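Take a look at the structure below.
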RNA sequence: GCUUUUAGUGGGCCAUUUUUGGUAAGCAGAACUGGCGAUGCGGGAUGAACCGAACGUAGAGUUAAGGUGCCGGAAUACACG
RNA sequence: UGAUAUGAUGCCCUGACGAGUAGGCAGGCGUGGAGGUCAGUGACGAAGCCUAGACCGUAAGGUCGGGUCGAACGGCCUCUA
RNA sequence: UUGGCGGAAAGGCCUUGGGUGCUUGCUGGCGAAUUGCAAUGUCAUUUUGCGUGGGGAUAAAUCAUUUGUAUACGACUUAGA
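Protein chains in written order, with my numbering: chain A, 1195 to 1377; chain B, 2 to 128; chain C, 2 to 198; chain D, 171 to 326; chain E, 58 to 163; chain F, 99 to 146.
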């Protein structure tokens, strides 16, 4: 347990995790934010279309000097990519969350991904050998991914606070004076 | 429940924060005087932050009083509370941060027997 | 007094009118200036044309499209003269400049409203008679404003329609003064004259 | 010990007040407030109403008669600073206004004696109003500053 | 009647300021119809209300008031000075203000 | 110069109609269909 | 009135007036005083030295130098050219 | 200084003053440890940590609430670095 | 409702006819209070949303494919029931 900030029903959810995963954190963050909020079937078709170069992943935050493409035009962006490694890892965690929702007794037709977050894992180090006898770093930047799918539910209806009003003597003397004049 | 005291005037409700306490994380907000030769804060240029000096000293009639008009006295047990038996209009008790909730129920019960004010009566309540 | 003040710009001096309209904008009065093509500037035409060319050479040397923009129309000459007198880079100054509408000629709605003048900016009340002046329309045309002839056509059309309007209105107030002439010498008229009315 | 003690304690005896020298003298009204003057109420529920003034009460108010039969204002109190004293005067000598005091308006629907005193004063007030032309209409109308009216040049 | 106004219209001009330092405690009010400081002497001490609106109803009303008074004249041209309970918030530079006369020594 | 009015003809060819389309084959081909109704009633609004 | 003890300092600079060398210099060097350094505030748009005035925290009033067409608080004041 | 009520380093009356580098001096705030004390706090939760939550002090800082946590730690009078 | 004028940003102005409402032009009758001696004592228009009920009309664009009159990539230019 101990997931991110969830505002969802824990009884009507399912969850999946992946830790210390050797993929790019930045690509995986862009695929996790391209998917956050969708119906799980829509998310799966979208990721399998991204793998087939039919749609793209809109790179919004980690997007400097990325090339341009037309496939970001459905998202209102010009820079978008197809991060296949992160896409296969994210759809693997989606498969695991769908299995967990089937095991918890949740109806697979209302599953939307309600919370997906990804943060940085401990880096894996290697050396790079540069000119004039120097050594720099060559570090993988892995990622912890986690996601909570949730049953969507209906109306968010009333019976809330009632705001007991407190108004002065000149002010309630005005209120009765209107109901005395007119109806 | 307190004495008749004058209107409490503070003369500076704003906390004197350090210069560039917001600019860096290393520079804490706890006040330190600027010692620089070129500092506009030490030189008191206009538009810069105000510095603590003795003119902001609170009134000697209304210094150390809470807004209720009592001086806060820290209390660890029933014995330290009972020093404020004959001093209810000047001093108010505050139960300390480490007094356990099986002891504070005794301390608040003795405080209402002597009528002593407690300024934190909701601490560690098992409601 | 009025919610929106329409100022007839004809016969007015640019800086004095721009000063009073700048203060009226900043104090909260909505101003529309019409007939901007008939403004005046004191001093002969060649002087103010030389002044416009001195303004016309000031531009950013590395990219002139970010430079001072030399708006040529009489409304926008007047607007630059006014925008210099308002702190235009603040939210208060931008709010004041939203309370201003400047037109050359008199377009719709403001050609059926009452126009005012500002006597601390009238050239006939400020300049000494004999001091030479410049009309803003010929100056703007000389520096590259393209629409003097169209404004002339549309203003002649508006003058014909307004002349017919005033002929009808003057006949109507002739009937009104005739009917008010019979109302005198009765009781209530002499009592009104007793009460100053 | 979480705190030690103060070595001295303040005395919990409340000190008595000094003898003050601020005597209460009766209020001198401005010279435009003479009983029988038509006032303009500047504030409250009956703002803008033209209302006859009857008595200067002991609590520095003014007792007024915004004639029900004329404009609907009862026997009422007003503050003298919230009142324009105009220059139109009704003679008030036939009014039994000697009764009403500060205790009469004690708050503590309408008491029937207040209804009766209103009609009793209203009789003599209507009798003195109807002697002059257009005073009843002037009293039935409300006041409002029209466009261009500058109150500092206007004489009321 | 179609007119109900019992106050004099006015404009919140600015704070009391020098060239480069203002003072938000004192405001300058341009009263409509006042051209001299001798006409402005009538309005000294009259109570000033700035009336504004909100989205949130507080105590039955959606209209809030900041109350103040006229203190002294200003200049040679009928601008007057005014102090308030809470100072006027300087987005209202050029906003309309009600200057009453309910303590009208008249 | 400001365009105030633009009048068209009753029948436009597919060469012309095809100019107002980015995907002509997918369309229901609805261009100027309601506009030809102005020529339907006797040519009144067109001459107006 | 008197005494002891000790810190920092021992690169200075500007302004009025006097004044030397130099064609002069935001130059080099003197004399007297006042400043800056060490000093914020109002003015001179802006500026170490100029003008005004030196500073605990605040309120009211009055001014200094400087200003009052608009930016900008305050006369598109009055008078003779 | 006269007790039978508690600060004579006190309390109270009065007047004037308050810029500041280098620098001097004074009164305090905080930390590690030591002696004494409060027969002090504490597994019914010590210390720590987080907290556009509250209170006191001109300030150094002190206090309280809530969360987290699990074994020790503070107030006062002095000593010491 | 009759007709007319207005394209500068017309989106407004003038006119015909009857209906319905008010009339303070003049004279009356009744009502008002208690909001307590002031508290803006709430009367404007600005946008959006939702069910209700009455008319009305039933599309395109992008990606993918394609061309090269275009082209680093986007973009552009074509074509495809």
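Every residue gets a Cβ at the ideal spot worked out from N, C-alpha and C, and that includes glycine.
Interface residues of chain D facing residue 90 (chain E) [CB-CB closer than 7 Å]: 320
Span separating the alpha-carbon of residue 1273 (chain A) from that of residue 89 (chain C): 37 Å
Closest Cβ-Cβ distance between residue 72 (chain E) and chain D: below 8 Å? no
Buried or exposed for residue 198 (chain C), going by 16 or more other Cβ atoms inside 10 Å? exposed
If you pair each beta-carbon of the stretch 261-272 of chain D with each one of the stretch 210-220 of chain D, do three or more pairs fall below 8 Å? no
List, in order along the chain, the chain B residues whose C-beta lies closer than 7 Å to that of residue 180 (chain D)? 91
If you check the beta carbons only, do residue 79 (chain C) and residue 103 (chain C) fall under 8 Å apart? yes
Can you give, in chain order, each stretch of the beta strand (DSSP E) that sits fully within the stretch 1281-1318 of chain A and has at least 3 residues? 1305-1314
Can you tell me whether residue 137 (chain C) is buried or exposed, with buried defined as 16 or more other CB within 10 angstroms of its CB? buried
Residue 66 (chain B) in three-state terms, based on DSSP: strand
What span of residues does the beta strand (DSSP E) with residue 9 (chain C) cover, start to end? 5-9
Nonlocal neighbours in the same chain, by C-beta distance under 6 Å from residue 1293 (chain A), ignoring five residues either side: none
Nearest candidate by alpha-carbon position, reference residue 105 (chain B), set B:120, B:54, B:39: B:120
Between the beta-carbon of residue 105 (chain C) and the beta-carbon of residue 144 (chain C), is there less than 8 Å? no
What ranges does the alpha helix (DSSP H) occupy inside the stretch 67-142 of chain C, keeping only unbroken runs of at least 4 residues that lie completely in it? 75-84, 92-98, 124-127
Could you tell me which of A:1360, A:1206, A:1364 sits nearest to residue 114 (chain E), measuring between CA atoms? A:1360
The ligand FAD and residue 152 (chain C): does any heavy atom of the ligand fall closer than 7 Å to the residue's C-beta? Because no ligand of any kind appears in the structure shown, any question about the ligand FAD cannot be addressed here.
When DSSP builds the beta bridges, which residues end up paired with residue 73 (chain E)? E:80
Among B:127, B:85, B:74, B:109, which residue has its Cα nearest to the Cα of residue 182 (chain D)? B:85
Measure the C-alpha to C-alpha separation of residue 84 (chain C) and residue 1197 (chain A) and round it to an integer number of angstroms. 57 Å
Tell me whether residue 1197 (chain A) sits in a helix, a strand or coil according to DSSP, three-state version. coil
Per DSSP, the bridge partner or partners of residue 259 (chain D): D:207
Span of the alpha helix (DSSP H) around residue 49 (chain C): 46-57
What separation, rounded to the nearest whole angstrom, lies between the Cα atoms of residue 4 (chain B) and residue 306 (chain D)? 59 Å
Which residues of chain B have a Cβ atom closer than 8 Å to the Cβ of residue 382 (chain D), listed in chain order? In this structure chain D extends from 171 to 326, so residue 382 (chain D) is not present and cannot be described.
Residue 249 (chain D) versus D:191, D:187, D:301, D:200, residue with shortest Cα-Cα distance: D:200
Residues sharing a beta bridge with residue 73 (chain B), DSSP: B:93
Ignore the nearest five residues each way along the sequence and tell me which others in residue 28 (chain B)'s own chain have a CB closer than 7 Å to its CB. 19, 21, 22
Residues of chain D with CB closer than 8 Å to the CB of residue 110 (chain E), please, in chain order. The contacting residues do not exist; residue 110 (chain E) stays about 21 Å from chain D at best.
Between the stretch 58-84 of chain E and chain D, which residues of the former have a C-beta closer than 7 Å to a C-beta of the latter? 58, 60, 61, 62, 63, 65
Whose C-alpha, out of F:115, F:137, F:134, is nearest the C-alpha of residue 125 (chain F)? F:115
Step through the CB atoms of chain E and report whether any lies within less than 8 Å of the CB of residue 85 (chain C). no
Short check: CB of residue 1317 (chain A) to CB of residue 1335 (chain A), under 8 Å? yes
At the 8 Å Cβ level, is residue 161 (chain E) part of the contact set with chain D, yes or no? yes
Taking the beta carbon of residue 167 (chain C) as the centre, do at least 16 other beta carbons fall within 10 Å, making it buried, or is it exposed? exposed
Which residue's Cα is closest to the Cα of residue 37 (chain C): C:87, C:194, C:81? C:81
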